Amino acid sequence: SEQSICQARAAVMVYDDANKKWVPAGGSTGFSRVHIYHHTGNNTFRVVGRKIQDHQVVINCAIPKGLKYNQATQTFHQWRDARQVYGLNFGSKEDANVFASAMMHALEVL
Amino acid sequence: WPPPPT
Amino acid sequence: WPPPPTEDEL
């Protein structure tokens, strides 16, 4: 039904507008496995991530047809939806590159 | 595995 | 865009 086109290691943060603080998505510090999933029937994409130790879902966010994906640093990327700002702090420069090009691909095919 | 797509 | 996080934040 739906395919994982990439798997990077990153710390998923969401932004706390109230306090100008980046907070760990899910409330708990640590790395997660972050996927970009492709629903082959619908041609729709979403970012899904489960923390490495707990297998708790810390992020599950649709990728819309025009998402502005900002690569702030070579290891920190961020994008915005109607509610939050999501950040991925990747474990490696390479993790970020493959995730970034899967994201850039997903936006071209949407 | 991924959650239901909500 | 918020600034990237302090390494103390992560």
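Residues numbered from 1 in each chain as written, not as in the entry; some residues may be left out. Chains lettered and ligands numbered in written order. Heavy atoms only, no water. Residues with missing side-chain atoms left out of burial classes, pairs and counts.

The name recorded for chain A in the PDB entry is Protein enabled homolog, from Homo sapiens.

**Description of empty space enclosed by the protein**
Put simply, the rule reads: For each structure, a 1 Å grid was placed over the protein atoms alone; sets of points admitting a 1.4 Å probe that cannot get out are labelled cavities, open sets with protein on both sides within 12 Å along at least five of seven lines are labelled pockets, and lining residues have an atom within 4 Å of a point. Grid points are joined across faces, edges and corners, and a volume is the space filled by probe spheres set on the points. Helical segments are the DSSP runs of H or I of at least four residues, strand segments are the runs of E of at least two, and each set is numbered from the N terminus. Note that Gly is not counted as nonpolar here; it falls among the polar residues with everything else outside the nonpolar set of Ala, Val, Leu, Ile, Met, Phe, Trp, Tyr, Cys and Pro and the charged set of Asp, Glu, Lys and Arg.
In this structure, the largest cavity spans a volume of roughly 40 Å³. Taken together, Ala11, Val12, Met13, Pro24, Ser28, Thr29 and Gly30 of chain A together with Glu9 and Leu10 of chain C make up the lining of the largest cavity. Examining the composition of the lining of the largest cavity, we find that 3 residues originate from one element, strand β1 (residues 2–16) of chain A, more than from any other. Class assignment for the residues of the lining of the largest cavity results in 5 nonpolar, 3 polar and 1 charged.

**Describing the interface of chain A and chain C**
Here is the rule we go by: Residues count as neighbours in contact if any of their non-hydrogen atoms are within 4.5 Å of one another. Once two parts are put together, the accessible area they lose, assessed with a 1.4 Å probe and summed over both, is termed the buried area. Basic side-chain nitrogens of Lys or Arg form a salt bridge, by our definition, when they fall within 4 Å of a carboxyl oxygen of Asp or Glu. Nitrogen and oxygen atoms within 3.5 Å of one another constitute a polar contact, given that in protein one can donate a hydrogen and the other can accept it, and given that sequence-neighbouring residues count only through two side-chain atoms.
Facing 16 residues of chain A, the contacting portion of chain C comprises 7 residues. The largest per-residue losses of area from chain A upon contact with chain C belong to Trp22, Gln78 and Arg80 of chain A, which jointly make up 38% of the total buried on that side. Our count for the contact surface shared by chain A and chain C stands at 0 salt bridges. One can count 3 residue pairs in polar contact joining chain A with chain C. Per element, the largest residue contribution to the side of chain A that touches chain C is 4 residues, and it comes from strand β7 (residues 76–80) of chain A. Here the side of chain A that touches chain C is composed, by residue class, of 7 nonpolar, 5 polar and 4 charged.

**Section: the pairing of strand β8 (residues 85–90) of chain A**
Residues and elements named next belong to chain A. Cut-off, in case you're wondering: Note on exposure labels: buried denotes an accessible area under 20% of the residue type's maximum, exposed denotes more than 50%, and partly exposed covers the range between, all computed with a 1.4 Å probe on protein chains only. A pair of strands is labelled paired if DSSP reports no fewer than 2 bridges between them.
Within β8, 6 of the 6 residues are buried, which leaves it mostly tucked inside the rest of the structure. Neither face of β8 is exposed, since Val85, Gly87 and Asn89 on one face and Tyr86, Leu88 and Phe90 on the opposite face are all buried. The sheet contact formed by β1 and β8 spans 5 bridges and is antiparallel. Residue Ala10 lies in a different strand from β8, and its bridge partner there is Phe90. Hairpin connection, β7 to β8: the antiparallel pair is bridged by 4 residues.

**Examining the pattern of salt bridges**
Residues and elements named next belong to chain A. Throughout the structure, instances matching the rule amount to 1 salt bridge over all chains. Linking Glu2 and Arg46 is a salt bridge whose minimum nitrogen-to-oxygen distance equals 2.6 Å. A residue pair is termed long-range when its members are at least 10 positions apart, and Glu2 in strand β1 and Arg46 in strand β4 (residues 44–51) qualify at 44 residues. Note on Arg46: relative accessible area 6%, which makes it buried.

**Let's talk about the interface of chain A and chain B**
How big an interface is tends to be expressed through the accessible area that disappears when the partners come together. In this assembly, 7 residues from chain A lie in contact with 6 residues from chain B. Secondary structure elements with two or more residues in the side of chain A that touches chain B: β4 and β5 (57–63) of chain A. It is β4 of chain A that provides the largest number of residues to the side of chain A that touches chain B, a total of 3 residues. For the side of chain A that touches chain B, the class distribution of residues is 3 nonpolar, 1 polar and 3 charged.

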